[PDB]
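Peer 1: Before I ask anything, let me first share the structure, which is written out below as structure tokens.
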Amino acid sequence: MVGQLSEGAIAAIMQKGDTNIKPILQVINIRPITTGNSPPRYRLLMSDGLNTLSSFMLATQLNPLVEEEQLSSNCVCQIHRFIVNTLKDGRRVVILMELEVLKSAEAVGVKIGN
């Protein structure tokens, strides 16, 4: 009928204090840290449709196909938990815990048939 709560969700996520109201955590970008002369890291870019963050990316996403599942083609999910901790207020360090929404809204997969 009329959802896509975006003209109130994003502001309701950072303004509500993130009190279980963030049904817009989709993968819009990715940042693999496996270049030479550098440690193994996996920073991804998450957004809701206006304000992005890309600071919470340290959960079980290290899996093999969890890169394809944690962001196959822009899947929206409502994370339920996450370790939010900034390092000196500069090198922020957030981690993802779980998801709570399409949890796989690639919008392209969805196997239908039979």
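Within each chain, counting starts at residue 1; across the structure tokens, chains are named A, B, ... in the order shown, with ligands numbered 1 upward in that order.
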Write down as a PyMOL selection string the residues belonging to chain A that are assigned alpha helix (DSSP H) by DSSP computed on the backbone.

Peer 2: chain A and resi 9-14+66-69

Peer 1: For CA of residue 83 in chain A and CA of residue 6 in chain A, quote the distance in Å rounded to one decimal.

Peer 2: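 Computing it gives 24.3 Å between the two atoms.
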
Peer 1: Can you pull out every residue within 10 Å of residue 49 in chain A, counting only C-alpha atoms, but drop anything in the same chain fewer than 3 positions away, and send it as a list in words?

Peer 2: residues 6, 7, 9, 10, 24, 25, 26, 28, 46 and 52 of chain A

Peer 1: Please save N, CA, C and O atoms of the selected residues as a short mmCIF file (atom, residue, chain, number, x, y, z; two decimals), in the first residue's frame.

Peer 2:
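New file again_16.cif:
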```cif
data_model
loop_
_atom_site.label_atom_id
_atom_site.label_comp_id
_atom_site.auth_asym_id
_atom_site.auth_seq_id
_atom_site.Cartn_x
_atom_site.Cartn_y
_atom_site.Cartn_z
N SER A 6 11.26 5.71 3.71
CA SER A 6 12.61 6.29 3.49
C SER A 6 12.61 7.76 3.91
O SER A 6 13.61 8.29 4.34
N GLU A 7 11.48 8.41 3.79
CA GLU A 7 11.41 9.84 4.20
C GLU A 7 11.06 9.90 5.68
O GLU A 7 10.15 10.58 6.10
N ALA A 9 12.59 6.96 7.73
CA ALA A 9 13.37 5.79 8.23
C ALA A 9 14.81 6.20 8.49
O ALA A 9 15.27 6.19 9.61
N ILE A 10 15.54 6.56 7.46
CA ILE A 10 16.97 6.97 7.63
C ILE A 10 17.11 7.93 8.82
O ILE A 10 17.91 7.72 9.71
N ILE A 24 16.64 -0.78 6.33
CA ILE A 24 17.16 -0.21 5.06
C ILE A 24 18.67 -0.45 4.98
O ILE A 24 19.40 0.32 4.40
N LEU A 25 19.14 -1.51 5.58
CA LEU A 25 20.60 -1.78 5.54
C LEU A 25 20.92 -2.63 4.31
O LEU A 25 21.07 -3.84 4.39
N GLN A 26 21.03 -2.01 3.16
CA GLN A 26 21.33 -2.78 1.92
C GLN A 26 22.78 -2.52 1.51
O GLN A 26 23.39 -1.55 1.92
N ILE A 28 25.31 -1.19 -0.96
CA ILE A 28 25.37 -0.34 -2.18
C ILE A 28 26.80 -0.29 -2.71
O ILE A 28 27.04 0.03 -3.86
N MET A 46 27.55 0.29 3.39
CA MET A 46 26.10 0.05 3.59
C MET A 46 25.35 1.38 3.56
O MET A 46 25.87 2.40 3.97
N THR A 52 24.88 7.15 3.87
CA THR A 52 25.62 5.86 3.89
C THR A 52 26.59 5.85 5.08
O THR A 52 26.78 6.85 5.75
#
```

Peer 1: Contacts of residue 104 in chain A at 9 Å or less, counting only C-alpha atoms, minus same-chain residues fewer than 6 places along, as number ranges by chain?

Peer 2: A: 26, 69-77, 110

Peer 1: Selected residues, N, CA and C atoms, written as a PDB file, in the first residue's frame, please.

Peer 2:
```pdb
ATOM      1  N   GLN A  26      21.026  -2.011   3.163  1.00  0.00           N
ATOM      2  CA  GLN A  26      21.334  -2.782   1.923  1.00  0.00           C
ATOM      3  C   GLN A  26      22.782  -2.524   1.510  1.00  0.00           C
ATOM      4  N   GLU A  69      26.485 -13.299  -0.890  1.00  0.00           N
ATOM      5  CA  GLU A  69      25.206 -13.256  -0.135  1.00  0.00           C
ATOM      6  C   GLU A  69      25.125 -11.969   0.690  1.00  0.00           C
ATOM      7  N   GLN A  70      26.236 -11.496   1.180  1.00  0.00           N
ATOM      8  CA  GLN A  70      26.223 -10.250   1.987  1.00  0.00           C
ATOM      9  C   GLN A  70      26.050  -9.050   1.055  1.00  0.00           C
ATOM     10  N   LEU A  71      26.035  -9.288  -0.230  1.00  0.00           N
ATOM     11  CA  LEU A  71      25.861  -8.170  -1.196  1.00  0.00           C
ATOM     12  C   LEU A  71      25.900  -8.730  -2.614  1.00  0.00           C
ATOM     13  N   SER A  72      25.030  -9.652  -2.904  1.00  0.00           N
ATOM     14  CA  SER A  72      25.008 -10.253  -4.267  1.00  0.00           C
ATOM     15  C   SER A  72      24.721  -9.169  -5.304  1.00  0.00           C
ATOM     16  N   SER A  73      23.736  -8.353  -5.064  1.00  0.00           N
ATOM     17  CA  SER A  73      23.406  -7.278  -6.039  1.00  0.00           C
ATOM     18  C   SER A  73      22.546  -6.222  -5.350  1.00  0.00           C
ATOM     19  N   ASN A  74      22.954  -5.792  -4.187  1.00  0.00           N
ATOM     20  CA  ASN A  74      22.174  -4.759  -3.442  1.00  0.00           C
ATOM     21  C   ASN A  74      21.035  -5.426  -2.666  1.00  0.00           C
ATOM     22  N   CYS A  75      21.364  -6.251  -1.709  1.00  0.00           N
ATOM     23  CA  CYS A  75      20.317  -6.930  -0.909  1.00  0.00           C
ATOM     24  C   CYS A  75      20.023  -6.089   0.336  1.00  0.00           C
ATOM     25  N   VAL A  76      18.777  -5.808   0.597  1.00  0.00           N
ATOM     26  CA  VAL A  76      18.435  -4.984   1.788  1.00  0.00           C
ATOM     27  C   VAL A  76      18.172  -5.891   2.988  1.00  0.00           C
ATOM     28  N   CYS A  77      18.656  -5.510   4.139  1.00  0.00           N
ATOM     29  CA  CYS A  77      18.442  -6.328   5.367  1.00  0.00           C
ATOM     30  C   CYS A  77      18.417  -5.394   6.585  1.00  0.00           C
ATOM     31  N   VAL A 110      16.168 -14.547  -6.501  1.00  0.00           N
ATOM     32  CA  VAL A 110      14.762 -15.023  -6.369  1.00  0.00           C
ATOM     33  C   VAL A 110      14.509 -16.149  -7.374  1.00  0.00           C
TER      34      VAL A 110
END
```

Peer 1: Using only C-alpha atoms, which residue out of A:37, A:86, A:51, A:114 lies closest to residue 14 in chain A?

Peer 2: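 For residue 14 in chain A, the nearest of the candidates is A:51.
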
Peer 1: Give me the residues near residue 19 in chain A as a list in words, where near means some atom within 12 Å (using only C-alpha atoms) and where sequence neighbours in that chain fewer than 5 positions away do not count.

Peer 2: residues 9, 12, 13, 14, 78, 79, 80 and 81 of chain A

Peer 1: List every residue of range 23-63 of chain A that DSSP, applied to the backbone, labels as strand (DSSP E), and write the result as a list in words.

Peer 2: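 Here is the list: residues 25, 26, 27, 28, 29, 30, 31, 32, 33, 41, 42, 43, 44, 45, 46 and 47 of chain A.
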
Peer 1: Residues within 10 Å of residue 11 in chain A, please, as a list in words. Count only C-alpha atoms; anything in the same chain fewer than 6 positions from it doesn't count.

Peer 2: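 After dropping sequence-adjacent residues, the list is residues 17, 18, 22, 48, 50 and 51 of chain A.
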
Peer 1: Here is a test: counting only C-alpha atoms, which residue of A:15, A:101, A:94, A:1 is nearest to residue 44 in chain A?

Peer 2: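 Smallest separation from residue 44 in chain A among the options: A:94.
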
Peer 1: Just how far from CA of residue 111 in chain A is CA of residue 43 in chain A, in Å to one decimal?

Peer 2: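 So the answer is 28.6 Å.
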
Peer 1: Write out as a VMD selection string each polymer residue whose atoms come within 7 Å of residue 93 in chain A, counting only C-alpha atoms; drop sequence neighbours fewer than 2 positions from it.

Peer 2: chain A and resid 55 to 56 84 to 87 91 95

Peer 1: Which residue out of A:89, A:61, A:34, A:68 has the minimum interatomic distance to residue 106 in chain A when only C-alpha atoms are used?

Peer 2: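 Ranking A:89, A:61, A:34, A:68 by distance to residue 106 in chain A, first place goes to A:68.
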
Peer 1: Using only C-alpha atoms, which of the listed residues (A:90, A:3, A:32, A:39) sits closest to residue 57 in chain A?

Peer 2: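 Counting only C-alpha atoms, the residue closest to residue 57 in chain A is A:32.
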
Peer 1: Expressed in Å to a single decimal, how great is the separation between CA of residue 8 in chain A and CA of residue 31 in chain A?

Peer 2: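 Separation between CA of residue 8 in chain A and CA of residue 31 in chain A: 28.0 Å.
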